[PDB]
Structure formats: C-alpha cells, structure tokens
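Structure at a glance
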Protein chains: 2
Amino acid sequence: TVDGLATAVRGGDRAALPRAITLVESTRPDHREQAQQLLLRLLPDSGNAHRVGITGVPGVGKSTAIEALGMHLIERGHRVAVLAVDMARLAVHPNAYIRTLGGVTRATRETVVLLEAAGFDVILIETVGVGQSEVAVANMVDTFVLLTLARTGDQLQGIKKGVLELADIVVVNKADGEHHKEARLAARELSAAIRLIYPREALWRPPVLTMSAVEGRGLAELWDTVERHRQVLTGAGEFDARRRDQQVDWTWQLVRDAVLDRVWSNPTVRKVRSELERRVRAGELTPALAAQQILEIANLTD
Amino acid sequence: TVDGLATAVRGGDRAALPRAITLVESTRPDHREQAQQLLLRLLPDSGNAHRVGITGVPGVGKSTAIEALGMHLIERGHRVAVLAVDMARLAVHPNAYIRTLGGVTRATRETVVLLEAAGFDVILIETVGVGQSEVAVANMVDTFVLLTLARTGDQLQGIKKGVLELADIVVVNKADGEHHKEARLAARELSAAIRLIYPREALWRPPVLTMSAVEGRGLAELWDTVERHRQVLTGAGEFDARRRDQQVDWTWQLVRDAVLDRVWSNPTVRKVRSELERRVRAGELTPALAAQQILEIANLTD
Ligand SMILES: Nc1nc2c(ncn2[C@H]2C[C@H](O)[C@@H](COP(=O)(O)OP(=O)(O)O)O2)c(=O)[nH]1
Ligand SMILES: Nc1nc2c(ncn2[C@H]2C[C@H](O)[C@@H](COP(=O)(O)OP(=O)(O)O)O2)c(=O)[nH]1
Ligand SMILES: [Cl-]
Ligand SMILES: [Cl-]
C-alpha cells in the first residue's frame, strides 16, 4: 500500500496526498522508512514544476502577494501549491493546495516531491528571516524572490544581511498611495546596488520590479519575470544544473546532520556545554582541547 | 621544554617563535598534543593586539597596501605580523614578522596566539577569493577590510557575492593617475549601496575610503579608521563579545570537522561517491537513501 498510496497520489486522488504528506512529516523512524520508499516511487513523476521562493520582513506583504499570484496562476490553468517554512480566496479553489530547521527543511523538500507527483506545476515556498530559513528555501527552489519596502533609503530594513544576494528577482512592494513616485526611485536605488554587486554578470542580473500586491498591480509582470528567469537559465543549461547541485548538496547535508546529531543531542554533552563554553570564552581552555573533551564525552555516553 | 618553549616565546626569544610555529603547523598527531599544551600555556599572554583581515581580487593591491601599512605602523612603535591564508622593505625590519582550508585556518588561528604571546600587537591576515577563505579570515579577526577597484560601476569585479557584507571597512584602491575624480565617485556609489544594506545601523556602518597604496596615500587614514572601529566596538562591549563568539564558533567547527572527516576521508566512501551522486542527480535515488548508504558504507569500513 506504499505502492497503493503512490498510485493514488500520481492518479490525482485528493485524499491520498494529505496522508502522504503526513507520512512524510512523521518523525517516527518506521514512517521515515515507508516515506522513503514512497518518495523513491514518486521521484520519477516529480520535477515538472517551477519552484519559487518568497521572502521578506513581517508585514512587507508576502501573504497578500501570494494569494494574488496564486489566483493569477490558477486563472491561467496552473495548479498551485503554497508551503511555508517557519489566503482564503485561494485555499477554497480546487486547483490550489495550501499547507528544527533541518526537520522542517527536510519535510518541505519531500513534500515538494509529493505535490509535483500529484500534478502541481507551481510550488510557492514562503519564509521569513528566522535563523537560516532564507538560505534553506533558496536551496530548494528554482527562483528566489525578495520583497522589500517601497521607501528610498529604507528598502531593506529588517532583512538579514546577505539575503539580498540570494534573490533572483527583487520586488519593491506597496508601490501605492503616497509612494508611486518614491517606489520608482526606491527601485532605481536597489537596481544601482545590484549593478554594483553583479557588475559583469552575463546570464541573469536580478531585475528589480515594483508591485502593489494589495491593489493587484505588478503581479502579472512579476510572474512574467519568473518565467523569463527559467527561460534564460534553461537556455544556458543552468536550470537543471542548479537542481542537480541542490540535490547533491542536500544529500551531504543529511549526512552531516546525521553524524553531528549524535554529538549535539547527547544529554551529557548538553549538560557540560556551558562550562566548556565558559572556559573557552575566558581563555582557560583552547578550542581544540574543548572540542576533544566534547568528542570524548559523547563517545563515553553513546 | 613545552614549558621551556613557552618561556622563550613570551620572553621575546626570536628563535623560539618560528619553532613554535613549526610545532603548531605539524600535522603529526604527537606534535598536535604538544602544540595544544604550548597554546594552553601561552593563551593568557595573548589577545593584546588588533587583528585585521585584508582581502580583494588578485592585482587589486593587497601586498602593496600591506607593506605600506606595516611600515606606517612600525614607525609608530607597533610590532607587526603578516600572515596569509591561501614585502621586502617590511620583512627586513626587526619589528615585523612575515610568514585544506580547515587545516590552514587552524594553523593560522593557533599561530596568532603565538605571535600575540611573543609581543606582536598588530596582526594582518591576508587572503584571496579561494573557496570560503574570506569567511574563515573574517571569523578570526577584529576588523575585516575589503579593497576594491576605483572604477565607477566596476568596483567589485571578481569578488564572490556576499563578501561585501563581511567588510567592516571598504577601500577603493588605486585612486591615482587618471582616476582621482573617478575614485571619489566610485566610493560614493559603494557608500550608497552600503547605506541600502545597512539602512538603520546604529553602531558601525562600514565606511568607504579611497587610497593609493602605491603612492602611499590614504594608508594613515585607513589605519585611523581601523582604530575607530575598535574604539566604537569596545565602547559598546562588542569587541570582546565578537572574539568570545568566534572562539566558541571555532570550537564547534573543530567538533564538526572531526566527526565529518571520519566519513569524508573514508576511501570506500570516496570510491562510491560518484555513482551515488550520479544516481541522485538522475532521480534514481532519494538524497535520504544516498545519505544512509554513505553512512552505512563508512560504518562498515571504519
Ligand atoms: N499599501 C499596501 N498595503 C499592503 C500591500 N500588500 C499588503 N498590504 C498590507 C496588508 C496588511 O495590512 C499588511 C501586511 O500584509 P501581509 O500580506 O500580511 O504581509 P506578510 O506579513 O505576509 O508579509 O500590509 C500593498 O501592496 N500596499
Ligand atoms: N596605480 C596603482 N597601482 C598599484 C597600486 N597599488 C598596487 N599597484 C600595482 C602594483 C602591481 O603592479 C599591481 C598589483 O599590486 P599587488 O600589491 O601585487 O596586488 P595584490 O595581488 O597583492 O592584490 O598593482 C596603486 O595604489 N595604484
Ligand atoms: Cl536546463
Ligand atoms: Cl569590548
């Protein structure tokens, strides 16, 4: 019935999909093994989709933009899924589906495989600035979009530094009310910075667009740019290359996390960490000697 | 004579220091243990120094700037060490000392402890864009300086993206000949981008300076800014905080590298990696199943 579940999901059975996602989200070691066989079976039916990441600060307008984009897309014949890695008009529609960082990252990546196997051709993955969540989403999508504020000199308030460089497309949102002209200036400032950061880029220099997600303006143009991104990368053979690299990278991350977890989650290492850290912070112990004691203690109690 | 070596180094014996550095650089497992006791003994004599990282593309003018800065400093009573993580006027002077990423990072960090114990109060650490070398240097210094070109719209040619955000101070070098006016404009462009990236920074927004390292102009002003950096961070209690955090982070990196090495350097894992990677890249195997096989195989042959 792993085979049964896989037949149901790829056939479009709407009841099978949530159950597969639950199987996939199960931390229970016996479910992990079934989940893996199911994914192995569905892997060949996946990949036929554009995965788009969406980030920006609380209140910048991510969920408003996502609802609007999702309707834009549904009306053009797509089947759209929305996941979040920490929208009522959208969630009612039959062609939409709305649903540790290591743990949530893993469950989200596996869930994408199920959704694509189930016929979803657009996958929107939303995140906020929590820990390393932006990098995790950027590493599982084709196109990563950053929403910013439409204020000259203040577009990136509250964004973790380094996040700008993850973006394939940058959007100055809320380009309405008293800020039409200002949004254009704000966009031109970000474009100037992107030109500095990507001075001789030949394939894809991140465009900067304006949008009013609440007035439904610039959404279509945003999606037109997302499609151009895929077309440009596909013509260079880089769309498939990025995916293959992400998958290999993720494989090694899983290896890393498995071996590091043995140490990090050891209760006795947990008990003595503070004092070993205090001793390092105070110059009483070298980092190499603290590291050795951490490994010795893990080994003694594993 | 670990005790003997430690007494000689902290007493200023110029012959002891190179030998300690050689001990520290020894990959031989018996030397590592002596090295650790020596560092433990010298740790309390270290820290009385300003550690400055210097990066930028090949030919931007790093070694020219370093030689000039090092003489500037020697003439002001400092004892200056220069390390490189991949200058003849300087190397002749008695108050100067010129000398795997994980391995070189480790040896450089430990060497800083020896140098500081030996009376060096300025440590300049040079790197280029090789792998993750910039981040490694930024994580072992107090102040990280990025040199760029003095050309409008082309300052960051050849720099890995994300490196700009590591900088505490940015310098447009070669502000001479036909580019005096242009260097000022180039500096103003980078300043604009830094204002965008750090829109509401209250403690330290990276200044952008001009320099002609070959005409010895702007070096003094660069050092004045490096001192201001330390003064500002020290007044906020952040200079010591950054160091303590770097040391703790490095401790855990050593733990990580020790446990991951058991897998990464296993010959049998090395043999089968390509095919397991090929199978992942082709959608024949899930990343989680490839990861499990990697761990199983390491375990079988360790
Ligand atoms: N003026 C203006 N306001 C907007 C726009 N898009 C969203 N908003 C409003 C709706 C909410 O009151 C608030 C936050 O929106 P949201 O969509 O919940 O933001 P987010 O927290 O999901 O990023 O901003 C927009 O395009 N213009
Ligand atoms: N015009 C000009 N040329 C400079 C300046 N500083 C260094 N140079 C020259 C000296 C070398 O010919 C070349 C590269 O300098 P370098 O100091 O070896 O660069 P790097 O590879 O260590 O970064 O550039 C400078 O400030 N102005
Ligand atoms: Cl492609
Ligand atoms: Cl301090």
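Under the domain assignment, chain A is made up of domain 1 (1-46), domain 2 (47-235) and domain 3 (236-302). Inter-centroid distance (C-alpha atoms) of domain 1 of chain A to domain 3 of chain A is 31 Å.

For the rest of this paragraph, the subject is the interface of chain A and chain B. On the side of chain B, 51 residues touch chain A, which itself brings 51 residues to the contact. Contact between chain A and chain B buries roughly 4,700 Å² in total, counting both sides, with carbon and sulfur atoms accounting for 71%. Looking at the side of chain A facing chain B, the largest losses of area belong to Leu196(A), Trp252(A) and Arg281(A), adding up to 15% of the total buried there. At the junction of chain A and chain B, the tally comes to four salt bridges. Of the charged contacts in the structure, one is a salt bridge between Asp245(B) and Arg281(A), with a shortest N-O distance of 2.8 Å. Every element with two or more residues in the side of chain A that touches chain B is listed here: α3 (29-42), α8 (180-197), α10 (238-264), α11 (267-281) and α12 (287-300) of chain A. Among the elements that take part in the side of chain A that touches chain B, α10(A) stands out by supplying 14 residues, more than any other.

This part is about the sheet that holds strand β5 (residues 143-149) of chain A. Residue and element names in this part refer to chain A. Spatially, β3-β2-β4-β1-β5-β6-β7 is the arrangement adopted by the seven strands of the open sheet, whose pairing is parallel. Across the chains shown, the open sheet's two edge strands, defined by having one partner strand only, are β3 (96-98) and β7 (208-210). For this sheet, the mean angle separating the axes of adjacent strands, direction not counted, is 20 degrees. As judged from the three bridges shared by strand β6 (residues 169-173) and β7, these two strands associate in the parallel manner. Bridge pairing in β7 links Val170 to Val208.

Glancing now at the side chain of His72(A). Residue and element names in this part refer to chain A. Position of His72 among the secondary structure elements: in helix α4 (residues 62-74). Assessed through its relative accessible area of 12%, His72 is described here as buried. In this structure, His72 is in contact with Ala220 and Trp223, ignoring residues within four places of it in sequence.

This brings us to the site of ligand 2. Residues and elements named next belong to chain B. Surveying the vicinity of ligand 2 reveals 14 residues, the closest of which are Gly59, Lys62, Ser63, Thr64 and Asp176. The contact in question runs from an oxygen atom of ligand 2 to an N or O atom on the backbone of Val60, over 3.5 Å. Here an oxygen atom of ligand 2 and a backbone polar atom of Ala213 are 2.9 Å apart. For ligand 2, the protein covers 66% of the area, taking 570 Å² as the surface of the free molecule. The element best represented in the shell around ligand 2 is helix α4 (residues 62-74), accounting for three residues.

About the thresholds
Sequence positions in this view are assigned from 1 along each chain in the order the sequence is written. Entry numbering can differ, and residues without coordinates are absent from the display. Working convention: letters from A go to chains and numbers from 1 go to ligands, in the order in which they are written. Excluded from the side-chain calculations are hydrogens and water; all other atoms, namely the structure's heavy atoms, are used. Residues with missing side-chain atoms are left out of burial classes, side-chain pairs and their counts. The split of the chain into domains comes from an automatic or database domain assignment. By definition, residues are in contact when any of their heavy atoms lie within 4.5 Å. Buried area: the sum, over both parts, of the accessible surface (1.4 Å probe) that disappears when the two are put together. Criterion for a salt bridge: a side-chain nitrogen of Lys or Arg within 4 Å of a carboxyl oxygen of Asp or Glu. Starting at the N terminus, helices and strands are each numbered in turn, a helix being any DSSP run of H or I of at least four residues and a strand any DSSP run of E of at least two. Pairing between strands is defined by DSSP: at least two bridges between them are needed. For helices, the fitted axis covers only the stretch in contact; all axes are lines through C-alpha atoms, and the angles between them, taken along N-to-C directions, range from 0 to 180 degrees. A simple rule labels every residue: compare its accessible area, found with a 1.4 Å probe on the protein chains alone, to the largest value its type can have, and call it buried under 20%, exposed over 50%, or partly exposed in between. The cutoff for a nearby residue is simple: one of its non-hydrogen atoms must lie within 4 Å of the molecule or strand. Any N or O atom pair separated by 3.5 Å or less is treated as a polar contact, with the protein-specific requirement of one donor-capable and one acceptor-capable atom, and with residues adjacent in sequence counted only for side-chain atom pairs. Residue-level accessible areas treat just the shown protein chains as cover; the underlying method is Shrake-Rupley with a 1.4 Å probe.

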